[PDB]
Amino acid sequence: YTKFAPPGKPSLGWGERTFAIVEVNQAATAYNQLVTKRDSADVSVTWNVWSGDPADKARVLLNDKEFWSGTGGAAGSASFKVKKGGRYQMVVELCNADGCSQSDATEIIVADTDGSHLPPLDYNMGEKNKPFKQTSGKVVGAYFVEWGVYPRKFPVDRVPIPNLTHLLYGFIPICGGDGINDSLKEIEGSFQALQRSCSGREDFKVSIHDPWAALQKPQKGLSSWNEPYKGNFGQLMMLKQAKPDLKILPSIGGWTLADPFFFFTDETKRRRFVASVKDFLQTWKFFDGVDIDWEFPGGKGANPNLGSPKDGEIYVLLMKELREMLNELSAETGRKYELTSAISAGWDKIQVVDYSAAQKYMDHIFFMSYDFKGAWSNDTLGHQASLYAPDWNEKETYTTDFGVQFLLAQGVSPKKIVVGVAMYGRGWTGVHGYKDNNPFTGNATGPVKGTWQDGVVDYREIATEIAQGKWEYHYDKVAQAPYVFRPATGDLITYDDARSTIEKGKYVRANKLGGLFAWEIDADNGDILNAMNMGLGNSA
């Protein structure tokens, strides 16, 4: 027999069970109205004990740990702060002199942008993708484009996440209107979309180009009306829960979004940009750093009126300040962050920047060893992304080897250079007047018919049409590049195939390079990424 008379069992009342440390407005189009970051969520609970002692003490426990303590024996309420997300069992405990009573547990969801409230990303390998283990110690990266979820129908759950070390999210824009983002006007709707997203936001801060695709679009596993984070961002959160070692990096800029970088001669603008990136990574915690895609320091990007030789020093200062920011962000969060950047592979742009001074702040350099040739010229036909120079033009300097050796000659560490691999072909039509049975000696009359844009064809479609006998396949074994040709219509396409990719992986290994990366992940049927893993020595 004992003297044990604890209070009655508390009954929890009906209440909100879903909370968010980072609040997202599912019906907003402008970034400043779309997301509100805080450093904790506010959880509330009410309980009732029919004829209880209001002098009893009360405690709220989340997963058997105390988050609140006060008084409130007979009917009470509590409000408290939760700083880390997850699914919690909430219990109200009441105590008197004798003992304690415990509520039935109720589940609450505290959402945060590190995916702590979400299950791991469900994936099955599709098409020709085969599973690999990341045992080589090399970078195996790939770009995921934000707009690939519309007619391409490539959401994040189609990414072969076992076969990657890095996922680069293209693209994060920089706020700015006329004069600041003029390059965006070449894409229909793209400039006006940024202006809506940047509505009321200061220029030269990062933002989100398409808030619908990024956060509000229903995706696999994220379809409920009251899911805080859907779209690409919610799926990348679940990806981190499935592969915590896979680095997910946001890429700021690209071809049509690099114009604002040229104004960073003003340190005031550069300081605002860096501060917005710090705020950006605190808001979207699944990101593991920053990828800077400025195309290009000195010019010769999409805007023909931008560029200056002083861009090289601005680039080095930007990297110094971004790392300093990531250093203080490490001090607050205890995490390790990566600073990377995609740079032109052409010597005439490499020369602008002193990368050996910039490489001390950076983890990787994604060497854009592609787009060496394309349908922006009718008369200059060649390999888009070959390893070496071809036979008929041994002095070609736009090759993977020539650019790598030029960057190496600057004193850049070979373990930071990651060689680019093209998951797409660039092509011409109506090629005529060529000698020696070599279609590259002729001229085109225009771009080849493409998958989504004129002059560019997904590797998935190049492969399918080859199997269907719609192409004459050739492999230049000197330049280590494939191409398909159609003698009747003059259709020519230069691309990367499993063979040139493996040859690039052999070059990376032979010269002690950082690895391989590809643009863009959705144009692959699996053959190219498989070759990257095999070419770098990963385990199947």
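Note that residue numbering follows the sequence shown and begins at 1.
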task: With reference to the PDB entry, specify whether the mean Cα temperature factor is higher for 157-165 or for 118-126.
output: 118-126
field: Segment of higher mean CA temperature factor, 522-530 or 9-17
entry: 9-17
- prompt: Can you tell me which of 511, 63, 500, 489 has the highest Cα temperature factor in the record?
  reply: 489
task: Among the candidates 418, 187, 237, 91, give the one with the maximum CA B-factor reported in the record.
output: 187
message: Can you tell me whether residue 432 has a C-alpha B-factor in the lowest, middle or highest third compared with the other modelled residues of the same chain?
response: highest
statement: The third of the chain into which the C-alpha temperature factor of residue 67 falls is the lowest
field: residue 477 CA temperature factor, ranked by third within the chain
entry: middle
- line: Split the chain's modelled residues into thirds by Cα B-factor; residue 403 lands in the middle
task: Please place residue 392 in the lowest, middle or highest third of its chain by C-alpha B factor as given in the entry.
output: highest
